[PDB]
Amino acid sequence: XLXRXXX
Amino acid sequence: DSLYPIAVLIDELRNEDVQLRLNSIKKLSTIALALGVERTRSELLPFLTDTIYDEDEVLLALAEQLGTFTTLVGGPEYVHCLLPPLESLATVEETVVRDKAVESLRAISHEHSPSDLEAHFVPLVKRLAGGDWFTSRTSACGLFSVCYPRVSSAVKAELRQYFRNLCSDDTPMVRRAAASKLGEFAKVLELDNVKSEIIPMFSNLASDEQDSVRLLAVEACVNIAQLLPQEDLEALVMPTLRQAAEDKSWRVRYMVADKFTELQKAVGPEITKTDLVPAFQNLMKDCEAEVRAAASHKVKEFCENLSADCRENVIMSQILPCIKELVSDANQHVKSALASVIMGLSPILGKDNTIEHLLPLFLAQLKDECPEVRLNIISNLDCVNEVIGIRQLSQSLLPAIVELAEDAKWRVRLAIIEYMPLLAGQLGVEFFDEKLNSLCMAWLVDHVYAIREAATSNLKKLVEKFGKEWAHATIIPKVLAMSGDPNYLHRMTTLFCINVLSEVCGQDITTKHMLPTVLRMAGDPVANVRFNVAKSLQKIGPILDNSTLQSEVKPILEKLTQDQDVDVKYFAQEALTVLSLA
Amino acid sequence: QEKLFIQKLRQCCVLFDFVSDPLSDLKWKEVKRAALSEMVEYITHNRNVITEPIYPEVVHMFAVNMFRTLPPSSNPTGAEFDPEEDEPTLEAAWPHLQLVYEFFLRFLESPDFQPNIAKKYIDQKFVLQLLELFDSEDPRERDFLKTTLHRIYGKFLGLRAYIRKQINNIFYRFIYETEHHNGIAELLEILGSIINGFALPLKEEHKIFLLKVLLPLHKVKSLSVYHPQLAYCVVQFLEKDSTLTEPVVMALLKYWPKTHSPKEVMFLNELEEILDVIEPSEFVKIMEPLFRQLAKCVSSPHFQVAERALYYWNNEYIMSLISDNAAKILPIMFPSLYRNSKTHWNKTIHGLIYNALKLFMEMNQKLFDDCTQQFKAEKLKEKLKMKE
Amino acid sequence: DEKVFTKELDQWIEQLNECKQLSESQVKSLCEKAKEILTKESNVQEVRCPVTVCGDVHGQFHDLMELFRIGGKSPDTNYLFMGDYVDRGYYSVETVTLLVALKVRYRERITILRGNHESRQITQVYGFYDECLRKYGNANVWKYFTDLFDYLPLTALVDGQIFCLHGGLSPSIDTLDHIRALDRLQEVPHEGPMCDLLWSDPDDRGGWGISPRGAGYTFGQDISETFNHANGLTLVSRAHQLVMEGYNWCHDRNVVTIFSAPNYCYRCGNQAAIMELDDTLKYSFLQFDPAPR
Ligand SMILES: [Mn+2]
Ligand SMILES: [Mn+2]
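Residues numbered from 1 in each chain as written, not as in the entry; some residues may be left out. Chains lettered and ligands numbered in written order. Heavy atoms only, no water. Residues with missing side-chain atoms left out of burial classes, pairs and counts.

Per the deposited record, determination of this structure is attributed to X-ray crystallography, with the resolution reported as 3.600 Å.

So this is what it looks like as structure tokens:
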């Protein structure tokens, strides 16, 4: 979930 | 054969390409060398002086440089020459730079003659302390400790004023500074003054609006307490020290927790029993996980330091109650902390109490969920049996240990595999060969290599414990019937142990029961297993007798030097050149 | 009854010293969850317009449910971690606090509720304790503080000196001591509105607020969090006195990231936000070293930077300026725009540049050409002699 | 002439093990050596069992170390990683610098594959670039590495039965030959087979779907099953999406994912695992928690 490109 | 380079650095100090200006300044010493003292003093410093640098990396370097020019500037007679630029680096915004600027003034301060000090160095501290901008004032604090001792009665009084001023600054920032330095500054003032002057500041900085100040006060409390003689302790120090142990801001408390054993010593062996013991409980039962676990860490050392005649009494009626509570706390880090020192209590309460009280707790932790708490307890068993009976151990503790030997978290299986050779030795080989050997053999084949490695070496330590003869009858067999496992990872495990068992299995056992299989494997499908066979022959090499060497080795260590897989190849060759077989 | 100056001063004391630690999940007896949502729909929903009775049981009440030393951080160290990725840790017993704030807010925010009903019941010591609070519960707790402190600053001309100064102290620590603090962002917004309303002939403590506190806040590395709230302050500060333009821009230039592409982009972004407002008479003082940098930005190997740099070319205003000063600028930008762009992987910039160049012709044909001349000519020599 | 280099790699490695980066002068050399060696490999590198398949590592150096504390240590034990060496982590350099170093050395003991991150555009966005700066000053070790990345082979076939790739299956790709035709010697394109091999994901929506990522597609059970039956693949292994549990089975044990970066980006909180393939291709999964730092 940190930003889609992937948490 | 020339002096051009050096003469160029002198031109790159203003090159405007920061990356170069750095280098030049970063070697500023070899510039003042080839420059020539009398010069350095009249051209290089007045240049670093009248030049405001920007980029920090450079400023940092200049500052660190300037602290060693004690010599290159002419020695002590002219060390007061480095002041001017450092005094400026002391002002810089970015801290690090000014932190180093300070690290330097202190260093070169010791080089000033008291006469100079009173005349050039103190003044710099005075000017920095009175600075319009807090930074300067911040710095200033770090400078009192080093000139006070050598200035005059007159100046010592002036400095003390200026330092109290820094303690009563409108800026939290400066106060927090004076705070941390308050300790070291007391350590130099004459006794009387610690009492009349340090003390006041101590208490104020101790009750500051800002807690981030107050906690630094607790740190300096430990320092002030070592200066003052017992009596005066309950009059000047204690009001305040208790005050902080209670302080609303858990941060302040947390300190009293970390600096407890430190406060213990300083205070006394008695005032401890009078105030800290109760106080200590309070922390163990604090509202903040931190302060709690914090105190936990201090349990072992707090006791070993309790008055020689009452130790067992208070550890029993005062501390031991709270301990039992902590063992059952909710916050892992607190259980995890106390569980790593709790055992040091055994040798204080003796064989008995240890079993009636503490031993149960050891179990509580030995089986806790938190890998840490287990792990942290598993580690000090090498002990216990030196208090509890070696039988009491193998009866009410060994069971768990036998169970731990294979719980999930591998770092823990390890922790056991390590404490093994001791348990083995103490328990006795017959006990071992019966209900414990099956374990050390299991590890030899764990999914996680870490565990196998530990297990492998583990053997060498057992063979050292039960003689070669024992291995050839309980170990060397299984360690060989392994070479038949399909998985090379396990298959290799064999050659591995061998590489260890030979170190301690005499020239015989090695040549008649291991060397056979270290060769039979040289014909394995998986290359890994082959190049390792080679690497193994090099290890068990020397232990063999010259005749076996150039007989059953070279010839089979040749059939590899000419093998497909590049690795096996290299490892066979470097197996010869070292054994000296070509 | 009809005697309320005694039904609340006893009802508040009920919701006051309450203290219901919601960290055990027991004693589910609300009781107070109402006492408050009551003193709310009581002072809000026109149930009153006459509750000025000399009584600070509200304050005390507040400074008891709020004023506590914040807990130890639940977030990691800080070197290998970026706060923009910190899992927010919600304060439990929020639905409890959530109101204590709400009430205190819909308190001295309402009319007829004089300032001296607090003047010495809301002193510096209250402010300060309120400030620390700016620390952790996902905006929620902060958000409220942001507002509360806002309205307190805009009603007590006496606490303005303090509120301000004490805010600095928080920042200087943020900057020079611990490079850690959660409400830096929230606080800047407060200082947003503040700036946007200073004395027309700017007092000199503000010019220091800007130079020795604000700009230096760009030095930090966690900047990605309060950048936008920051920039606003810088910009807004330049609208209240375009004198400071030069020193502000010279600062952003000195600092300018060297090992943090992401920050390099922010600076560019904030820097345009400034040019966007720059004043011609001022643009000149900067211009040279400013574009001297943009120059490098275009010539950057980090696509994200260059991209954001070249965008400067679609700013009607920024272009406008470059023109009226093409003389000097154009040649500083050339070697890099016209740079031998035939050595890249980002099959984009090469084109992104061509476009800038065109945008540079339509502006001053002659210059554009003459510069080319000058460039090529030079380039020539550095190719002949520089091959022995 | 042979013990003049092979005796130095052995050290670069020793060094990288203490977690100390090689020098700019060195990186370039290491990379070259690495290039010549990677050119020769195909796009579908065929390496024999047994081996240890590892997934995403993302500069989590220490957690890479832990991995080795589990699967054994090279060369004594064979490996195969499926890209994503750099980015996110705090010690990319050290990590990649290392893994490469190991290739150049024990050439047949480890197999490295390219990942969605072994491309410039990403390394720049997510971090490997910056770290390169923050650690080397210039921006050359980055180019040196972003360049070695293009020679990294796209996929690997374990004993002709198991297929490995960072990402997933791609429409433009039906046969393994289709891939042996591609030209991987180039930066990862935004669209195209190559790209997809490194971005595709396994989906339950069935039948080529659109990837909420930005590149690649979301193949499904059907698509998987076919691919396998086609080229004669018993199992398709990849890894490229945090799998909270270390590794996950999907598409009726046809395709499996393996993430090796525990507690990912030091934030996610997932176990990480690796898959071992013994002498007779047996599935054994070793999970592990982030090394105690
Ligand atoms: Mn990936
Ligand atoms: Mn990934």
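### A look at the overall build of chain C
From N to C terminus, chain C includes 18 helices and 0 strands. Its C-alpha atoms give chain C a radius of gyration of 28 Å, clearly above 21 Å, the size a compact globule of 388 residues would have. A principal-axis box enclosing the C-alpha atoms of chain C has dimensions of 100 × 45 × 35 Å. Within chain C, residue pairs in contact and separated by at least 24 positions form 75% of the contacts whose partners lie at least 6 positions apart. (Helix = DSSP H or I, 4+ residues; strand = E, 2+ residues; numbered from the N terminus. Rg over C-alpha atoms; globule rule 2.2 N^0.38 Å. Contact = heavy atoms within 4.5 Å.)

### Some details on the overall build of chain B
What chain B contains, in helices and strands, is 37 helices and 0 strands. Its C-alpha atoms give chain B a radius of gyration of 34 Å, more than 25% over the compact-globule value 25 Å for 582 residues. The principal-axis extent of the C-alpha atoms belonging to chain B is close to 85 × 80 × 35 Å. The buried share among the 582 residues of chain B stands at 57%. (Buried < 20%, exposed > 50% of the residue type's maximum accessible area, 1.4 Å probe, protein only.)

### Some points on the coordination of the manganese ion (ligand 1)
Each angle at a metal carrying four tetrahedral donors should ideally be 109.5 degrees, and each at a metal carrying six octahedral donors should ideally be 90 or 180 degrees. All names here are of chain D. Looking at the metal site, the manganese ion (ligand 1) is ligated by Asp-84 (OD), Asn-116 (OD1), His-166 (NE2) and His-240 (ND1), spaced 2.0 to 2.2 Å from it. Between consecutive donor residues of the manganese ion (ligand 1), the sequence gaps follow D-x31-N-x49-H-x73-H. A gap of 2.9 Å separates the manganese ion (ligand 1) and the manganese ion (ligand 2), which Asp-84 links by coordinating each metal. Of the two residues, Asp-84 is situated in the loop between β3 (79–82) and α4 (92–105) and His-166 in the loop between β6 (162–165) and α8 (176–181); the sequence distance between them amounts to 82 residues. For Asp-84, a relative accessible area of 2% corresponds to the buried category. Since its relative accessible area comes to 0%, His-166 is described here as buried. (Donors = N, O, S within 2.8 Å, 3.2 Å for Na, K, Ca; no water.)

### Remarks on the interface of chain B and chain D
Counting from both sides, the interface comprises 24 residues of chain B and, opposite them, 23 residues of chain D. The largest per-residue losses of area from chain B upon contact with chain D belong to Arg411(B), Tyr449(B) and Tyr488(B), which jointly make up 23% of the total buried on that side. Across the contact surface, chain B and chain D share 5 salt bridges. A salt bridge links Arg109(D) to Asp567(B); the shortest N-O distance between them is 2.7 Å. The interface formed by chain B and chain D holds 15 residue pairs in polar contact in total. Looking at the side of chain B that touches chain D, the elements with two or more residues in it are α28 (410–427), α31 (449–474), α32 (488–501), α35 (527–539) and α37 (566–573) of chain B. Looking at the side of chain B that touches chain D element by element, the count peaks at 5 residues for α35(B). Its residues assigned to classes, the side of chain B that touches chain D shows 13 nonpolar, 5 polar and 6 charged. (Buried area = accessible area lost by both parts, 1.4 Å probe. Salt bridge = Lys/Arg side-chain N within 4 Å of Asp/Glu carboxyl O. Polar contact = N/O pair within 3.5 Å; in protein donor to acceptor, adjacent residues only side chain to side chain. Nonpolar A, V, L, I, M, F, W, Y, C, P; charged D, E, K, R; others polar.)

### Points about the pattern of salt bridges
Within the structure shown, the criterion is met by 70 salt bridges over all chains. In this structure, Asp211(B) and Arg251(B) form a salt bridge, with 3.5 Å as the shortest nitrogen-oxygen distance. Here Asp211(B) is found in helix α15 (residues 211–224), whereas its partner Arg251(B) is found in helix α17 (residues 250–258), with 40 residues between them in sequence. For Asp211(B), a relative accessible area of 9% corresponds to the buried category. For the salt bridge of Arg267(D) with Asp86(C), the shortest nitrogen-to-oxygen distance reads 2.7 Å. Placement of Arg267(D) in helix α11 (residues 264–267) and of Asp86(C) in the loop between α3 (57–65) and α4 (94–108) is noted, with the two residues assigned to different chains. Since its relative accessible area comes to 25%, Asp86(C) is described here as partly exposed.

### Some remarks on the interface of chain B and chain C
The extent of an interface is frequently quoted as the accessible surface area lost upon association of the parts. Taken together, the contact pairs 23 residues of chain B with 18 residues of chain C. A buried area of about 1700 Å², summed over both sides, lies between chain B and chain C, and 51% of it is on carbon and sulfur atoms. When the area that chain B buries against chain C is broken down by residue, the three leading residues are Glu93(B), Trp133(B) and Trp250(B), summing to 31%. If you look at where chain B meets chain C, you find 3 salt bridges. The salt bridge involving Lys254(C) is made with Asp54(B); its shortest N-O contact spans 4.0 Å. The interface formed by chain B and chain C includes 2 residue pairs in polar contact.

### A look at the coordination of the manganese ion (ligand 2)
Residues and elements named next belong to chain D. Only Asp-56 (OD), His-58 (NE2) and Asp-84 (OD) from the protein coordinate the manganese ion (ligand 2), and they sit 2.0 to 2.3 Å from it. Sequence positions of the residues that donate to the manganese ion (ligand 2) give the spacing D-x1-H-x25-D. Overall, the relative accessible area of 0% leaves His-58 in the buried class.

### Overview of the arrangement of the chains
Across the 5 pairs of chains that are in contact, the largest number of contacts falls between chains B and D. Regarding chain A and chain B, the two do not touch, and the least distance separating their C-alpha atoms is 25 Å.

### Details of the packing of aromatic side chains
Using the criterion set out here, one finds 56 aromatic pairs over all chains in the structure. Geometrically, the ring pair formed by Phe466(B) and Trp470(B) is edge-to-face, given 5.3 Å between the ring centres and 75° between the ring planes. Pair noted here: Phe466(B) and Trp470(B) are both in helix α31, with a separation of 4 residues, about one helical turn. Accessibility assignment for this pair places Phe466(B) and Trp470(B) in one class, buried. Where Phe198(C) meets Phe237(C), the ring centres are 5.8 Å apart and the plane angle is 80°; that geometry is what we call edge-to-face. In this pair, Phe198(C) sits in the loop between α8 (184–195) and α9 (206–214) while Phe237(C) sits in helix α10 (residues 227–239), placing the two residues 39 residues apart along the sequence. (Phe/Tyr/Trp six-rings, centres within 6.5 Å; stacked < 30°, edge-to-face > 60°.)

### Topic: helix α2 (residues 18–26) of chain B
Buried residues of α2(B): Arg21(B), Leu22(B), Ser24(B) and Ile25(B), and no others. Lining the buried residues of α2(B) we find α1 (4–9), α3 (28–33), α4 (40–49) and α5 (56–66) of chain B.

### Observations regarding the pairing of β3(D)
Residues and elements named next belong to chain D. A two-sided burial pattern is seen for β3, the buried positions comprising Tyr-79 and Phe-81 on one face and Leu-80 and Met-82 on the other. Pairing between strand β2 (residues 51–54) and β3: 3 bridges, direction parallel. Each residue of the ladder has a partner; that of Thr-52, found in β3, is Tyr-79. For β3 and strand β4 (residues 110–113), the ladder comprises 4 bridges, and the chain directions are parallel. When the bridges of β4 are listed, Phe-81 appears paired with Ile-112. In the classification by handedness, the crossover that spans β3, the intervening α4 and the parallel β4 is right-handed. (Pairing = 2+ DSSP bridges. Right-handed = clockwise from strand over helix to strand, strands pointing away.)

### With respect to α15(B)
Over its 14 residues, α15(B) runs 20 Å from end to end, which matches the ideal 20 Å to within 8%, given 1.5 Å per residue. Burial runs high along α15(B): 11 of the 14 residues are buried. Those residues of α15(B) that fall on the buried side of the exposure criterion are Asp211(B), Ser212(B), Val213(B), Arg214(B), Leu215(B), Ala217(B), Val218(B), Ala220(B), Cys221(B), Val222(B) and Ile224(B). Contact partners of the buried residues in α15(B): α13 (172–186), α14 (191–205), α16 (233–246), α17 and α18 (260–267) of chain B together with α7 (160–176) of chain C. (Expected span 1.5 Å × (residues − 1).)

### Describing empty space enclosed by the protein
Residue and element names in this part refer to chain C. For the largest cavity, the calculated volume is near 120 Å³. Contributing to the lining of the largest cavity are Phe-104, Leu-105, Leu-108, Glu-109, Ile-122, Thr-148, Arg-151, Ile-152, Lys-155 and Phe-156. Listed by contribution, the elements that provide at least two residues to the lining of the largest cavity are α4 and α6 (140–153). The residue inventory of the lining of the largest cavity, partitioned by class, reads 6 nonpolar, 1 polar and 3 charged. Surrounding the second largest cavity, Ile-43, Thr-51, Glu-52, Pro-53, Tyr-55, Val-58, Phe-103, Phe-107, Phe-113 and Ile-117 form its lining. Along the lines of polarity and charge, the residues of the lining of the second largest cavity split into 8 nonpolar, 1 polar and 1 charged. (1 Å grid on protein atoms, 1.4 Å probe; cavity = no way out; pocket = protein on both sides within 12 Å on 5 of 7 lines; lining within 4 Å. Points joined across faces, edges and corners; volume = space filled by probe spheres on them.)

### Topic: the environment of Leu549(B)
Inspection of the secondary structure puts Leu549(B) in helix α36 (residues 546–553). Excluding residues that lie within four positions of it along the chain, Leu549(B) makes contacts with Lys554(B), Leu579(B) and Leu581(B).

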